[PDB]
Amino acid sequence: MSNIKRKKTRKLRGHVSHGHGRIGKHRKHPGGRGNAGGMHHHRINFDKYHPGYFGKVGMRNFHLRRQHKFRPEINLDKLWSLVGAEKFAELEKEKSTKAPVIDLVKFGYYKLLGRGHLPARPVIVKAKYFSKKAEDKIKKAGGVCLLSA
Amino acid sequence: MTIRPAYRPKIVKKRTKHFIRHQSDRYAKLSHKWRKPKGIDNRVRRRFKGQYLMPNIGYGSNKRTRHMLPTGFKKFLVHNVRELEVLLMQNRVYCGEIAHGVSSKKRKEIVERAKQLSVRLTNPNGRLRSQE
Amino acid sequence: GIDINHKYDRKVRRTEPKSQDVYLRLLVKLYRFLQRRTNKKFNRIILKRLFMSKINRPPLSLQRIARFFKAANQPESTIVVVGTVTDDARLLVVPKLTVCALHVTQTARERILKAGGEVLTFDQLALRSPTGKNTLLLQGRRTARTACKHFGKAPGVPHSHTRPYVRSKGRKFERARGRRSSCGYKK
RNA sequence: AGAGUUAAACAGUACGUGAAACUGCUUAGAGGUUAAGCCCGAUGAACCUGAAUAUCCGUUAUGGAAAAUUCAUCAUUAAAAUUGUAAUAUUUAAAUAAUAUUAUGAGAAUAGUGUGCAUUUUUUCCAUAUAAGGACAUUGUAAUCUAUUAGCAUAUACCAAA
RNA sequence: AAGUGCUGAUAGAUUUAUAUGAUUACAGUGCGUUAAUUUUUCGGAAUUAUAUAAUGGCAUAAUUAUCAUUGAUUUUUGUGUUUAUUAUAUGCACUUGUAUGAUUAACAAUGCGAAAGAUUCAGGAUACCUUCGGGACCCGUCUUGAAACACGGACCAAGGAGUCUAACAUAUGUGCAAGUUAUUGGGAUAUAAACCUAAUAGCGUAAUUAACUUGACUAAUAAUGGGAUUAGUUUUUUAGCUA
RNA sequence: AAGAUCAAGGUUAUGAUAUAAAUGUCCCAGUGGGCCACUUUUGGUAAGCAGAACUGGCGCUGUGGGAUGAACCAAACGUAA
RNA sequence: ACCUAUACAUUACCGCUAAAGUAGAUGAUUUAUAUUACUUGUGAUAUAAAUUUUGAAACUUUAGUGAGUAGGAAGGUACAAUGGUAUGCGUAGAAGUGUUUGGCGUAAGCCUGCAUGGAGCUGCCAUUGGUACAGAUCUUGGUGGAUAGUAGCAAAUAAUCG
């Protein structure tokens with residue numbers, strides 16, 4: 001880890017003002033502490049760089065317990081990565097006792113998202129919540145979405 | 001006597017005088033050990049004539065005369081016998097310089113070994129002594 | 001009164017890779033011997049391409065190796081990547097080639113070796129092809145990184161799509177005054 | 001103050017070690033030019049440091065003296081390694097390659113013997129020699145080289161006016 | 001305007017030229033073609049007597065540009081005549097010859113390494129003294145500017161001031177990588193370490209709207225598509241060069 | 001009208017140059033108290049005064065020169081012959 | 001005509017920047033020769049002689065330039081500690097410290113000698129910091145010039161014989 005031997009503050013001895021300019025010397029809190037005055041002196045610096053700083057986009061949601069809404073997402077970009085790699089080539093086979101029934105829910109992703117374009121191979125996806133578009137491309141691949149606990 | 005290291009161009013010491021630090025002759029608190037004048041009032045820093053010399057690179061010795069003692073021999077700090085044995089092949093660039101912490105009994109061995117190897121020692125009279 | 005030996009005379013570019021890696025510099029030393037001794041620009045840029053910082057070296061994924069095959073006049077090609085080679089799960093069919101790389105991630109080595117391709121070190125590509133015959137030099141996507149987004153962070157001039165430096169994304173995190181026409185101004 | 005004691009009082013009760021500031025003495029030197037202090041150059045004093053070898057046109061030629069023995073010119077004998085090659089195993093199935101093991105051939109040397117083991121050779125020392133006993137150092141002249149300064153001596157061209 | 005010819009003085013002269021890099025080029029001289037004239041008058045030396053190429057000068061002709069045409073000048077080309085000049089046809093041996101891109105040495109004198117011991121010579125702003133010239137105003141600092149009749153600092157020693165930590169951005173290195181982070185804890189111990197590591201959680205893997213919400217389409221692929229500037233490679237085709 | 005496909009083109013169509021240039025990141029220090037001169041100027045009788053325009057210095061710059069000197073002149077300083 | 005800046009020219013030398021090569025050693029290269037091939041003259045091979053073991057995270061080699069506060073970066077130096085190491089040093093004298101010892105480096109600073117000393121200590125590669133002082137009307141201790149004596153030690157007379 002650490003060396004103050006790699007610090008340049010070591011090197012700045014002496015250099016009389018240690019990189020903290022002779023005329024205007026670095027003295028404790030020259031611009032007012034923190035985000036102060038953000039309506040005044042730092043107004044340039046806040047809208048630049050943080051702009052939405054300040055007011056409101058109000059819809060106060062008293063007691064959002066983020067278990068109701070949590071809903072993690074898998075894309076239809078990916079979705080075939082739920083299928084173990086040596087079985088992934090095994091169902092490209094061509095052999096049907098089929099179609100591909102992937103349990104999305106036990107892979108922990110509440111919601112199947114739309115993102116588009118999978119191989120023509122039919123996939124049945126067992127998922128709680130649907131992108132209608134994810135289902136639309138799955139139905140074009142000839143599978144289905146079977147809706148799932 | 002001892003045969004000089006490898007044909008040097010004459011060692012230009014180019015500024016010889018210890019840089020001494022500005023006003024060491026004014027003050028015993030200000031040590032002769034050089035410390036560069038950074039300060040806004042310095043006549044030394046603006047290099048006015050007659051305010052001595054600030055170590056500027058151009059006093060720098062030729063990279064051939066770099067290290068050579070004027071009897072040729074560059075200094076190798078010899079802790080003991082095995083250390084001496086390094087400079088057996090390197091008579092003609094290096095001298096054994098017996099570290100001050102070494103006792104006389106070992107020094108007698110070092111000096112003796114040094115004569116065998118025919119490598120110069122700079123200080124033999126080191127720790128010698130009409131003594132036990 | 002030299003009018004004018006101002007600047008820049010410090011230039012720009014690494015003579016030697018900024019890395020302690022004893023392996024990496026041996027490849028540089030190898031290709032540096034191959035540069036002027038055998039002419040040809042494949043030696044000239046691979047020497048440079050080892051100098052490269054980790055950024056400007058961003059990981060080339062296996063589907064990018066597989067799209068290059070679809071290229072005309074490219075079927076017999078030993079794909080060069082001076083880089084980390086990363087496994088793309090989404091490519092169902094990974095085509096045969098020998099791929100020469102600095103590092104290949106272990107999941108990427110299995111899908112090259114399954115293909116059935118060889119995963120090769122650059123020193124064995126140098127032996128095979130000192131004339132760089134039938135190579136293809138691939139460079140990664142640097143545009144991907146989160147740092148590139150943040151640069152240019154400016155409000156005013158009808159831009160940015162830049163991402164403000166925000167620890168937390170949500171409502172009450174910089175949705176309000178200055179993002180929207182409602183709370184004074186549009187970005 | 002002597003003396004004793006102690007390895008040492010250069011450990012004798014601010015006591016291990018022992019600084020600076022500062023002061024006395026001694027030793028050297030000077031003293032009206034800035035009060036003093038200072039740097040550089042030249043320079044004297046004290047003080048110190050550095051100091052090399054063989055050759056004109058080359059240092060080889062030649063002679064003597066000593067010593068060597070695997071090698072010495074090389075042969076043989078023994079000892080183990082190297083170069084190249086192959087096999088059997090492993091590594092990577094297999095290939096090339098590499099590695100362990102094993103084997104062959106080419107050779108070179110460490111020890112022993114041998115023409116000789118100073119028939120001679122070779123190795124090792126010494127002397128003498130051509131301009132000259134030299135090139136470390138400092139000096140002379142002359143020939144050159146780079147930058148430059150300052151003259152000399154030689155001969156034209158053209159233009160105006162004449 | 002002509003290296004036509006030539007003298008003096010000044011300072012410099014890295015020369016590790018095989019650390020892991022050159023010593024090559026030319027010239028002189030001798031060798032074995034001859035003759036003739038001349039000079040020294042000995043040894044030798046010069047010029048003249050060939051072929052080839054170039055160039056200038058003469059005459060002639062064509063073009064092209066130009067000052068104006070009486071006459072000149074230009075760039076290009078050809079031809080004839082004669083003459084001069086210069087280069088090529090001048091190889092090999094030897095060479096203290098010239099240069100070889102920082103080419104200082106021929107040649108010589110002197111001191112002297114004279115065993116340990118140690119003479120003699122050369123060279124020196126060590127400390128410091130001396131003698132001469134010249135230069136040197138007090139640092140730190142704020143300040144436009146400090147030697148200031150600006151401020152602190154009598155003098156000296158030792159403590160003594162851009163840190164640590166949480167959380168953060170950027171640069172970079174490292175590990176692994178579409179994932180990563182074990183160390184909350186448990187297993188274990190050579191012990192507050194190392195080794196092992198259940199399970200989550202964090203962040204990343206979709207964002208944006210206030211939120212409800214919905215979902216980046218195209219294609220297994222298209223590093224976003226197309227397009228324009230871009231590298232690197234393979235590649236049609238051709239030329240030159242080298243092997 | 002754009003995107004734009006196709007074919008034609010002697011010499012690239014002022015002059016010197018390029019210390020290579022362009023580009024990005026740091027959101028980096030330091031600065032936000034200037035001072036002086038040529039020239040141009042406003043206020044003021046004027047000022048070593050208050051304030052602009054352009055440009056150079058000084059600020060951050062000694063050295064040589066103006067006897068002297070922050071700034072003017074000449075000139076930008078590795079170390080020496 | 002003369003004088004003359006760190007300017008200007010040249011040269012050696014420092015640094016920084018630039019620009020180029022350097023990395024077949026069971027091999028390469030040079031030199032001399034004997035043999036063989038071709039040829040006039042060259043190469044191959046054999047032999048003998050010689051050079052070459054490159055911090056190739058540097059050297060050899062090259063050129064142009066250097067004011068500098070604020071500031072930035074780069075590379076060292078010193079100081080205390082720690083892992084490793086030099087089969088480190090050491091009471092036969094460590095460390096410390098005084099020091100016209102000698103020398104090295106542009107410097108930061110280093111070593112050594114000599115004297116004093118008495119018990120422990122250092123170099124190198126990595127590793128961490130309460131890490132380097134002249135100052136802060138700095139702190140704390142010590143010490144000067146003022147000044148071995150200048151202020152003064154003087155109000156209430158002030159003793160004195162002895």
# chains A, B, ... in the order shown; residues from 1 in each chain; ligands from 1
>>> residues_around(residues="residue D:41", least_positions_apart="6", cutoff="10 Å", atoms="only C-alpha atoms (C1' of nucleotides)", output="ChimeraX atom specification")
/E:125,133-134
>>> residues_around(residues="residue A:16", least_positions_apart="3", cutoff="9 Å", atoms="only C-alpha atoms (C1' of nucleotides)", output="JSON, numbers by chain")
{"A": [12, 13, 19, 22], "B": [38, 39]}
>>> interface_residues(of="chain A", to="chain E", cutoff="9 Å", atoms="only C-alpha atoms (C1' of nucleotides)", output="PyMOL selection string")
chain A and resi 9+18-20+23+57-60+73-75+113-120+131-134
>>> interface_residues(of="chain F", to="chain A", cutoff="12 Å", atoms="only C-alpha atoms (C1' of nucleotides)", output="MDAnalysis selection string")
chainID F and resid 27 29:33
>>> write_last_selection(atoms="N, CA and C atoms (P, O5', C5', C4', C3', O3' and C1' of nucleotides)", output="PDB file, in the first residue's frame")
ATOM      1  P     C F  27     -10.722  16.376 -11.273  1.00  0.00           P
ATOM      2  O5'   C F  27     -11.029  17.594 -10.357  1.00  0.00           O
ATOM      3  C5'   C F  27     -12.056  18.516 -10.801  1.00  0.00           C
ATOM      4  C4'   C F  27     -11.667  19.289 -12.100  1.00  0.00           C
ATOM      5  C3'   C F  27     -12.239  20.698 -12.299  1.00  0.00           C
ATOM      6  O3'   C F  27     -11.754  21.692 -11.384  1.00  0.00           O
ATOM      7  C1'   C F  27     -12.080  19.698 -14.440  1.00  0.00           C
ATOM      8  P     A F  29      -6.745  22.057  -7.892  1.00  0.00           P
ATOM      9  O5'   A F  29      -6.722  23.540  -8.523  1.00  0.00           O
ATOM     10  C5'   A F  29      -5.836  24.457  -7.894  1.00  0.00           C
ATOM     11  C4'   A F  29      -4.342  24.170  -8.131  1.00  0.00           C
ATOM     12  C3'   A F  29      -3.445  25.358  -8.007  1.00  0.00           C
ATOM     13  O3'   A F  29      -3.089  25.571  -6.635  1.00  0.00           O
ATOM     14  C1'   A F  29      -2.856  24.336 -10.033  1.00  0.00           C
ATOM     15  P     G F  30      -3.698  26.780  -5.846  1.00  0.00           P
ATOM     16  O5'   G F  30      -2.900  28.004  -6.416  1.00  0.00           O
ATOM     17  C5'   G F  30      -1.491  27.904  -6.557  1.00  0.00           C
ATOM     18  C4'   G F  30      -0.982  28.925  -7.580  1.00  0.00           C
ATOM     19  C3'   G F  30      -1.711  30.245  -7.764  1.00  0.00           C
ATOM     20  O3'   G F  30      -1.373  31.215  -6.785  1.00  0.00           O
ATOM     21  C1'   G F  30      -1.479  29.455  -9.777  1.00  0.00           C
ATOM     22  P     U F  31      -2.595  31.997  -6.119  1.00  0.00           P
ATOM     23  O5'   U F  31      -3.157  32.844  -7.350  1.00  0.00           O
ATOM     24  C5'   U F  31      -2.358  33.918  -7.879  1.00  0.00           C
ATOM     25  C4'   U F  31      -2.935  34.518  -9.144  1.00  0.00           C
ATOM     26  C3'   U F  31      -4.175  35.382  -8.984  1.00  0.00           C
ATOM     27  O3'   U F  31      -3.691  36.638  -8.588  1.00  0.00           O
ATOM     28  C1'   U F  31      -4.391  34.012 -10.899  1.00  0.00           C
ATOM     29  P     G F  32      -4.702  37.247  -7.547  1.00  0.00           P
ATOM     30  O5'   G F  32      -6.075  37.659  -8.213  1.00  0.00           O
ATOM     31  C5'   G F  32      -6.105  38.675  -9.174  1.00  0.00           C
ATOM     32  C4'   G F  32      -7.494  38.776  -9.709  1.00  0.00           C
ATOM     33  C3'   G F  32      -8.501  38.943  -8.591  1.00  0.00           C
ATOM     34  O3'   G F  32      -8.552  40.287  -8.157  1.00  0.00           O
ATOM     35  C1'   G F  32      -9.342  37.456 -10.201  1.00  0.00           C
ATOM     36  P     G F  33      -8.099  40.354  -6.601  1.00  0.00           P
ATOM     37  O5'   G F  33      -7.287  41.715  -6.479  1.00  0.00           O
ATOM     38  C5'   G F  33      -7.955  42.972  -6.609  1.00  0.00           C
ATOM     39  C4'   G F  33      -6.931  44.031  -7.018  1.00  0.00           C
ATOM     40  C3'   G F  33      -5.937  43.555  -8.129  1.00  0.00           C
ATOM     41  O3'   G F  33      -5.549  44.631  -9.020  1.00  0.00           O
ATOM     42  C1'   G F  33      -4.592  43.966  -6.159  1.00  0.00           C
TER      43        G F  33
END
>>> residues_around(residues="residue D:34", least_positions_apart="2", cutoff="12 Å", atoms="only C-alpha atoms (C1' of nucleotides)", output="PyMOL selection string")
(chain D and resi 32+36-38) or (chain E and resi 136-137)
>>> residues_around(residues="residue F:42", least_positions_apart="3", cutoff="12 Å", atoms="only C-alpha atoms (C1' of nucleotides)", output="PyMOL selection string")
chain F and resi 50-53
>>> atom_distance(atom1="atom CA of residue C:118", atom2="atom CA of residue C:78")
9.7 Å
>>> closest_atom_pairs(of="chain F", to="chain B", cutoff="10 Å", atoms="only C-alpha atoms (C1' of nucleotides)", output="CSV")
residue,atom,partner,partner_atom,distance
F:60,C1',B:46,CA,10.0
F:61,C1',B:46,CA,7.2
F:62,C1',B:48,CA,5.5
F:63,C1',B:48,CA,8.0
F:77,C1',B:47,CA,8.7
F:78,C1',B:58,CA,4.5
F:79,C1',B:58,CA,4.5
F:80,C1',B:14,CA,9.4
>>> atom_distance(atom1="atom CA of residue C:177", atom2="atom CA of residue A:47")
8.6 Å
>>> select_by_dssp(residues="stretch 11-79 of chain C", states="strand (DSSP E)", output="list in words")
residues 60, 61, 78 and 79 of chain C
>>> write_last_selection(atoms="N, CA, C and O atoms", output="PDB file, in the first residue's frame")
ATOM      1  N   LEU C  60     -11.743  -7.540 -26.131  1.00  0.00           N
ATOM      2  CA  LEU C  60     -12.395  -7.999 -27.372  1.00  0.00           C
ATOM      3  C   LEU C  60     -13.146  -9.280 -27.173  1.00  0.00           C
ATOM      4  O   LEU C  60     -12.581 -10.330 -26.818  1.00  0.00           O
ATOM      5  N   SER C  61     -14.453  -9.275 -27.426  1.00  0.00           N
ATOM      6  CA  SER C  61     -15.357 -10.392 -27.155  1.00  0.00           C
ATOM      7  C   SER C  61     -15.489 -11.320 -28.356  1.00  0.00           C
ATOM      8  O   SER C  61     -15.320 -10.942 -29.519  1.00  0.00           O
ATOM      9  N   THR C  78      -5.790 -16.246 -38.972  1.00  0.00           N
ATOM     10  CA  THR C  78      -5.391 -16.238 -37.602  1.00  0.00           C
ATOM     11  C   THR C  78      -5.579 -14.866 -37.035  1.00  0.00           C
ATOM     12  O   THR C  78      -4.668 -14.022 -37.111  1.00  0.00           O
ATOM     13  N   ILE C  79      -6.701 -14.591 -36.392  1.00  0.00           N
ATOM     14  CA  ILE C  79      -7.102 -13.364 -35.702  1.00  0.00           C
ATOM     15  C   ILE C  79      -6.208 -13.021 -34.528  1.00  0.00           C
ATOM     16  O   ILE C  79      -6.079 -13.773 -33.566  1.00  0.00           O
TER      17      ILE C  79
END
>>> select_by_dssp(residues="chain C", states="alpha helix (DSSP H)", output="number ranges by chain")
C: 22-37, 41-51, 62-67, 106-113, 122-128, 146-150
>>> closest_atom_pairs(of="chain F", to="chain C", cutoff="9 Å", atoms="only C-alpha atoms (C1' of nucleotides)", output="Markdown table")
| residue | atom | partner | partner_atom | distance |
| --- | --- | --- | --- | --- |
| F:19 | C1' | C:5 | CA | 6.2 |
| F:24 | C1' | C:151 | CA | 8.8 |
| F:25 | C1' | C:151 | CA | 8.4 |
| F:75 | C1' | C:1 | CA | 8.3 |
| F:76 | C1' | C:1 | CA | 6.7 |
>>> write_last_selection(atoms="C-alpha atoms (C1' of nucleotides)", output="PDB file, in the first residue's frame")
ATOM      1  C1'   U F  19       9.548  24.186 -33.908  1.00  0.00           C
ATOM      2  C1'   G F  24      -9.214  14.102 -24.876  1.00  0.00           C
ATOM      3  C1'   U F  25      -8.654  13.761 -19.725  1.00  0.00           C
ATOM      4  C1'   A F  75      19.977  41.555 -24.728  1.00  0.00           C
ATOM      5  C1'   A F  76      16.819  36.969 -22.538  1.00  0.00           C
TER       6        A F  76
END
